[PDB]
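Letters A, B, C, D, E, F, G, H, I and J name the chains as they come in the text, with residue numbers starting at 1 for each one.
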Amino acid sequence: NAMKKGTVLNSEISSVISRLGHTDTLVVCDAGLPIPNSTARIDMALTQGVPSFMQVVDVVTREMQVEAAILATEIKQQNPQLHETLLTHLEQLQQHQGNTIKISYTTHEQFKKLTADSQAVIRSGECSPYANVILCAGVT
Amino acid sequence: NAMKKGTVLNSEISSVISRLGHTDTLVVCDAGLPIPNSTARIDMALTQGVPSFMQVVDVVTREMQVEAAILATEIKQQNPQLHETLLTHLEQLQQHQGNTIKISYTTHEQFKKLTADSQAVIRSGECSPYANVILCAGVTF
Amino acid sequence: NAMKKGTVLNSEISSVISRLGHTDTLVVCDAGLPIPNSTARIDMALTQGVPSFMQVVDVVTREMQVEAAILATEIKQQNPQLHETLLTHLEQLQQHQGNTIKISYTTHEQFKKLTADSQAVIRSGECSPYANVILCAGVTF
Amino acid sequence: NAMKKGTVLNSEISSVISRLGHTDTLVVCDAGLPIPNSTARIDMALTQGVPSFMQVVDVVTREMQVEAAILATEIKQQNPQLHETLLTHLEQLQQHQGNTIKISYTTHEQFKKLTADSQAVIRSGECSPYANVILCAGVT
Amino acid sequence: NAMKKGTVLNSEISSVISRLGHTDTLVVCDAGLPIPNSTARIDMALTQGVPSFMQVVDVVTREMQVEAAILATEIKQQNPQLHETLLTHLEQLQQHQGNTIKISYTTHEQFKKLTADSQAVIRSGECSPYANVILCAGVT
Amino acid sequence: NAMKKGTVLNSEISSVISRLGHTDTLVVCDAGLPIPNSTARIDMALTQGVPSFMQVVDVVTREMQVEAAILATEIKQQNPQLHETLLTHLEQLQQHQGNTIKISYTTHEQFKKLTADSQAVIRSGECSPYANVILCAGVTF
Amino acid sequence: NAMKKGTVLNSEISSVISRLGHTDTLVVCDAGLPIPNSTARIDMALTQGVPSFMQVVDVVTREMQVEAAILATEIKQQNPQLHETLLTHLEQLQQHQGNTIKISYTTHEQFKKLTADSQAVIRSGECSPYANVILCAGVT
Amino acid sequence: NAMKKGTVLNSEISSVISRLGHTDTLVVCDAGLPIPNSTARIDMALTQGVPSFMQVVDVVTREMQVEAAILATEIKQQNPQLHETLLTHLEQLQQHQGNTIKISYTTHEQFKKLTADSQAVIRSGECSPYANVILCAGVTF
Amino acid sequence: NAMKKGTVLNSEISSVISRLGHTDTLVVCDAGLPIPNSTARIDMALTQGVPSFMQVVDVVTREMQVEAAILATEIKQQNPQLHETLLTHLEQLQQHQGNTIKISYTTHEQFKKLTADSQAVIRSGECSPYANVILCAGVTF
Amino acid sequence: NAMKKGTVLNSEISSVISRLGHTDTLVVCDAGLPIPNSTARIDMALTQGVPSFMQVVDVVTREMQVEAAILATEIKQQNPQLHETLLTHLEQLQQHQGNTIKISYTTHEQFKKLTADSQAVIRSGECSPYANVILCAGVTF
C-alpha cells in the first residue's frame, strides 16, 4: 500500500540511511535513552513495546549496510534475552551481507557519549533495560 | 522505561495533542495516503503493518478528547473488518469519555480535502484499504 | 560501495519517494524545462546527456509505485525514439508491478502547469526535445 | 474543558516532558533566575506569585518521572518554609512513583551552571528567595 | 524578585503588548479555544484553573490600553457569573483609564473568526464555558 | 498616544528587559561602539545626539532593576560632564529602588569584552567620548 | 562619533532607504499607529516625544528622494500645528531636491490600508494625533 | 538544450565553483565516502556508476582552475586503473591551464579530515575503492 | 585572477543563470527600478554608472541563451542612444547564438508588473532613464 | 536615478557600513581572494576589471570613517602601481577626514587570517596581484 517499494517505509529513516557514508553511525534506542541535541531525533515510539527494539533494528538493517555494532556492557547481565536475539540477528545479517559484523562493548556512560557523534537516534518503544545499539555503516 | 508517565510516548504526538482546541482535527492515516503540505506530517510508519492503524488510533485517543470521526464511504465495502473494529473502539471511547461520538462519511476525494485543514496527519504502517480517519477534538461542557 | 542497499542512491530522490502518497506526482525532466518555485528542485544534471532521461526514469521507478504517466503531445512527433523507449519501459514496469500504467497526453503548456503541483522535479541532463514526464504514484488494491 | 485528558495542559511543558530521557534535567525556577541561552525558556510567569513555584513543580511532576532533585544550599536558611514544602512533596512523589528521590545541594553559583545543561527552564511567578530546583528524569 | 519593575512579568505578554497599536486586538481565552495559525500562541495554561481567565485579563489590562471588548453571546446564558465579574472589571478599568470601554457580542462562530486577526491569543487555564474575550487597543 | 501604559515604549527594549534575570547585563552605548555578534543589537540611534545616552539610560532604568554599573576608566577624564550626570542619575535610581548601585571601572578594552556577554546592546545617538555603560540586573531579596 | 559619515545613523533606516526604488513607500508614524505584518517594523520610539515625528521625517528625508507624501485628512483639523510644520519642511525639501513634492489626503482608514504596501514603517515617539505620513520615493 | 551556455550544467556545482577563491578546496567522492556536516553536500549520485567519478571530475575541471590534487595512498594499490586515468586527465588539464598541477598523497584517514575543510563535496555514483579526490583552486599569477 | 574559468564571475549571477529554464526571465535594471519582493534581488550597483547597464547586459548574455527581450516604450524617446546600443548588442548576440531575438515593447507600468514574474532582477549602476530590460531564456530546438 | 541620495548605492555595502563600530574591519578584495565563512560575502565582481579594486575602495570610503589600513607585504613588489594609487588615495582620505590613516603590512597568510575577523569582504573584479586591503573603522576624538 505504500508508494515506496520495499519494506523500509518511514520517511525520516529512509532519508537518513540514504545519507550515510562509511563509518557514519545510526543509533536505535529504547524508550528511556537520552538523546543529545548534537544528533537528529527520529522518534518512532508510539507506546510501551510498540514498535519493539528488534522491529526497528530489523527494518533499519534491511536498507543499511552494517559493518559494526556497539553495545553497553550492562546488556549482558541485565537483558540477556534481548542480547542473544540481537546477536542472532546480526549473525544472519552478516551472512546476508557477505561480511562479518564486529561487536564491541563499552560502559553505558561511554555509549551515551558515542551517541553524540551519530547521524541520528531512532527511538523505539522498547521498555527492557539497555536495549540500545550503535550501528556503524560499512561494506566490504 | 520512558520518562513520561502514561502511555502516549511519542514526542510529536504529545506535542500536537497538547496544542488542540475544540473542533481542531487530527488525522490517522494508512501507509499510502497523500499528506498535504498545509498540514504537519508525523510519520510513525516503520514497515508494513507496524504500527497498525488501530494501534495508533487507540494510543492517540487515550490523550485526545474526541467528539466526532470522519471516514471515507469506501471503507464500508472495501475494509469492513477494520470499519467494524473502529466503530467498536469509538463506542468504548465515548463511554469512557461520557459523550457520544458522531460518525460521518464522505467520498474519499472529499476526505482528502478535509485533511488539508487538520493540525497533523499521523501516518501508520497500515496497508489495508481506506484505513484513514479524521478525529475531531471536543468535550461536553 | 554505498551504505544504502539497492540501486536508488541519491539522498534527495530517496527522500521525496519515501514521502509520496497516492496520486502525488514526481516529474523527470530534460535540461531545459523551467521548474516552478512551488515545487522542489532536484538537479541531477551534470552535463549534456549525463544522466540521461531514461537513466533517471528507470532509477526512480525502481522505488516508486507508478499508476499513471503524463506526457506532452509534442513528444510523439518531435522525439519518437525516446517516446517509444519510454513506453516500452512503462510496459515492463507495469508487468513487474502487476498493474496497468495509464498514459495520457496534454499540450506542453498544460504539462508545465501540472508540474507546479508535483512534489519535485528531478532534472536530468537530457538534451532531446520534450523529454519530460509526470509520474503519478499509485498501487492496486 | 481542555482537549488533552489529564492535568498537564501547557503545550510547551507537555512537549519537553515527552522528549525527556533518563538523566535529562528540567528546571523549575523563580521570577528572578537568569536563564542561559543554551537552554529552552518556558516562561509561565504571569505576575507576582502566579503561578507559584509549588504549583509548577507539582504539575510538572504529574507527568515527569523524577529520580533526583538539586537545590541551592542557600534555600535552607533563606527560604526554609518553601524548602520544607518541597521536601514533603518530593517525599509523596517518590512514594507514588515507588522509588526514592535523591536530594542534593550545591552553591547557587554552581546551580546556575548546571541549569546550562538542562533541557528547559520553566519559569514560575515565585518571588521568594532561591525557589529554584533542578529535576532529574529517571525510573527504577 | 523579578528584574522588571511592575506586575506584568511574562516575557511574551510584555512583548506583544509593547507591539500593539490602535485597534490591534489581543485575545484572552479558555483552556479549550482553538487558536488559528495566523496568530501568535502564548500558552499560559498550567493546569485546570491555573491561571484563571480573570487573572490573565486583569494582568494584561494593567499594561494594555483597552477601548473595546468583544464576547460570544453564549457567555450570557452559559457563564453568567464570569460574565458579570468581567463586566465589573472592565467597568473599573475604564474608570482608571478615564475612557469608556465598549462591549459587544457576536456568535461564538464569528468570535473565532475575529480571533484570526488578533496579534496573539493568550491561553489561560480557565475551564468554565465561553471564557474568551477579544480586547481592542485604544486610548482617547 | 501609545497602547502600552507607562513610558518605556520601544518593543525591543521592553522585550529584552522582560527577559532579564539576576546578574544578566544590558549595555547602553554611544554611536561609535562596536557591537559583538554574540549579543543582540537594538539600534535606537537616529542621528547625532538623538536620542542621547542619558535619555536611553533613564528610560531603560524605569523598567530595569539595577544592582551595578560598569564604566570605562576613560570616561572620567575624557567625558567628565557626562560621568557626573550619570553618577547623579544612578544615585537617584538607587534611592527610588531602595538599594545601593555598585559602580566599577575597567579599561575600555576590557569593557568591550564584557559587552560580549550582555543580553543586548542598546545603541544611542550620543557622540561624546566613552558614553557607554554596562547595567547589571539585580534587586534586594 | 559614528563610523558612517553623514547624519542618517540608524542601521535599519539606512538599510531600507538603500533598497528603495521609484514609487516604493516608507511610512513614518506616531506612537499609536498599528503596523501591519505585511510590512517591516522599525521601532525608533524610545519614550513619549522621543524621537519626535519631525525628527524622524527630517532625518529620513536627508537620504531619501521624496516625490510625494500622503496624509490622513484628519490631521488638518486635529493636528494643524504639526500639519503646517510638515508642509513647510516638505516645501524646503522639494527646493533642495529640485522637484515638486505632491501632497495628497485620504481618510485615515484608507491611509492604514496603504501602509500595508510600504517597505517599512518607522515608528517615532510622537504622541500628537494623526502624526503619520507615507513618503513615496522618486526623482525627476 | 540548457539555458546556460557551456557544459557545466548543474546549478549547485556552478554555484560553488563561482564562489571559490585561491586555496579553497572542492571534493569529488565515490558513493561510499562520509561527508562531514561542516561541508556542503552536493549529491550527484543517481545509481551505481552513474555518474562516474571521472565524469564528475572532468565536468568540474572545465570551470574550475586547479593548482593541486590530493589523493588517498590506498588508491595506488586498490584502484590503479582509475588512479592512472585520473593522473592522465590532470596531466591534460594542466597543459590546457598552462600550469603544473601538484599531486600528493595522504592516508585515507587524513584525507577524510581534510574533507572537513572543503567548500563542498560532490558525490558521484562511483563504486570502485578510494575514488575520492580533493581539488585545490589556483591559477598561475 | 578568478577560480572560475570564463568571464561571468559573480556568484549570484552564475547561480541564477544555471537555474534558468526555457521561458524563465531575468531582468537587468537601472539604479532606480523598484524590485518586487516576489523576485530575487541581485544588487550589482556600486555607484552612479558603475557598473553600467550595458556592462551587465553584456556579461549576463555571455552565459545566458536569450530568445527575446522586453523593453518599456518610454526608452525609445527618453533614452535613444542606449536603446540603439542595446539593439545592436542583441543583433550581435543573436548572430553568435544562431537564432533571432524577438524584441517587444510595453508600457513601463506593465514592464514593472512583468518583473514580478522573473527569477531575479540584477540591478546595475545605470542612471539614464528606462534602462531596464527583461531577458527571456530560450534556445532554438 | 537612485532613491538614496549620495553615491554609495549598493544596498549590502550601505547596510554593513551603517552597522560598523570603532575597530570593526571591512575588507575590499580582488577576484581571487578566498572568503572565510565566518565573514559576510558581498560579491560585487561582475567580470574581469569590473568594478576595479580602486572603484570599490573609493566608494566604500565615502561613507566609512577609516583610521587604519592593512595590506599584504607582497603588494609592494608585485603590484607597485596599485600600491601607490592606494596610498595616494588614503593620503587624501585622511586629509578630508582630518585624521591620519595608519598603514601596516603583514604576510599574505596573516592577512587571510585577519579577514576571518572582519564584518564583511567586498569582492571586486580586480585581477592584478594582492589587490586586497583591510580597512579599520575609526574617527578622532
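Criterion: a contact is a pair of C-beta atoms (placed from the backbone, for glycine too) under 8 Å apart; a residue touches a chain by one contact, two chains touch by 3 or more.
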item: Selected interface, B-D versus A-H, where C-beta contact pairs are more numerous; value: B-D
item: Listed pair (H-I, C-I or C-H) duplicating the B-C contact set, over half by residue number; value: C-I
item: Centroid spacing, where centroids are CA-atom means, of subunit C and subunit G in whole angstrom; value: 53
item: Inter-chain centre distance, subunit F versus subunit G - centres from mean C-alpha coordinates, in Å; value: 29
item: CA centroid of subunit A to CA centroid of subunit C, Å; value: 34
item: Multi-chain contact residues (two or more partners), subunit D; value: 1-3, 9-11, 19-22, 24, 32, 41, 129, 137, 139
item: List of subunit A residues in touch with subunit D within their complex; value: 32-35, 41
item: Interfacial residue positions of subunit J with respect to subunit F in the complex; value: 19-24, 137, 139, 141
item: Contact footprint of subunit C on subunit A as seen in their complex; value: 1-6, 9-11, 14-15, 17-22, 24, 62-65, 137-139
item: Footprint of subunit J on subunit I - complex, ascending; value: 1-3, 7-13, 30-32, 41, 43-48, 50-51, 55-56, 59, 125-129
